[PDB]
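Visitor:
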Ligand SMILES: OC[C@H]1O[C@@H](O[C@H]2[C@H](O)[C@H](O)[C@H](O[C@H]3[C@H](O)[C@H](O)[C@H](O[C@H]4[C@H](O)[C@H](O)[C@H](O[C@H]5[C@H](O)[C@H](O)[C@H](O[C@H]6[C@H](O)[C@H](O)[C@@H](O)O[C@@H]6CO)O[C@@H]5CO)O[C@@H]4CO)O[C@@H]3CO)O[C@@H]2CO)[C@@H](O)[C@@H](O)[C@@H]1O
Ligand SMILES: [Ca+2]
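Residue numbers (the deposited numbering): 3 to 185.
Below is the structure:
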């Protein structure tokens, strides 16, 4: 009985993704919409140009979007049960990089972590070829807890943190969905 919120970038825009608060991007140096992953029925993705410093065990940056672009809006999560996303990292360059990275998916209403993973390296997830290039692909859904299935501050945050990584390159996000489907 609820309509999924589908952040697929298919309008050719960043769909309000950018800093979550002033100067939050940090290791994320640029946020843009890209056709690098263009393929049947999926023309655009969110490109995050990142730089991690290998001497830092937690080289953090925070990317936010407001649902509907409404800054400080609230969104009724009643009936929504998961947040799903796909993440893509060029395989060859990532494999050559040292260390790894962590990510978190958060609803920023008192900072509520939905899920996270640590020590991601190139052999995480699945290796997929898109436009002549291999990618590490992470595709997950995290639960929205029952106590958040109500009106909450409508900022979704993706945190990235280099963990002694020297990776300098893109990370892509696509198909970020707030879904009634269970995680
Ligand atoms: O705009 C309105 C209002 O906003 C205010 O800004 C807010 C902002 O919107 C947001 O809500 C922010 O929330 C904070 C939050 O309160 C809390 O501090 C949170 O901390 C996170 C942090 O971001 C990281 O995710 C951190 O990760 C740790 C890992 O979980 C793990 O423990 C890790 O372990 C490492 C270890 O460090 C070491 O390398 C080794 O031992 O290996 C381990 C890994 O195996 O360490 C990580 C780093 O600590 O987790 C913590 C939670 O525990 O961060 C968010 C985001 O900043 O709050 C602000 C307010 O402060 C204001 O601007 C206000 O004026 C505005 O009106
Ligand atoms: Ca897309």
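The beta carbon of each residue, even a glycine, is placed where N, CA and C say it ideally should be.
(1) State the start and end residues of the unbroken beta strand (DSSP E) segment that holds residue 103.
(2) Taking the CB atoms as reference points, tell me whether residue 52 and residue 31 lie closer together than 9 Å.
(3) If you check the beta carbons only, do residue 63 and residue 28 fall under 9 Å apart?
(4) Is the number of C-beta pairs between the region 166–174 and the region 79–97 that are closer than 8 Å three or more?
(5) Distance, Cα to Cα, residue 100 vs residue 3?
(6) Which ranges would you report for the alpha helix (DSSP H) in the region 61–120 if only whole runs of at least 4 residues count?
(7) With three or more C-beta pairs closer than 8 Å as the rule, is the region 103–111 touching the region 144–164?
(8) Taking contact to mean at least 3 C-beta pairs separated by less than 8 Å, is the region 178–185 in contact with the region 70–89?
(9) Give the C-beta separation of residue 15 and residue 35 to the nearest angstrom, bearing in mind that I take them to be a contact with Cβ-Cβ under 8 Å.
(10) Check each candidate in 71, 145, 178 and 152 and name the one with the smallest Cα separation from residue 78.
Guide: In terms of the structure at hand:
(1) 102–109
(2) yes
(3) yes
(4) yes
(5) 46 Å
(6) Unbroken alpha helix (DSSP H) stretches of 4 residues or longer found wholly inside the region 61–120: 93–98, given in chain order.
(7) yes
(8) yes
(9) 6 Å
(10) 152
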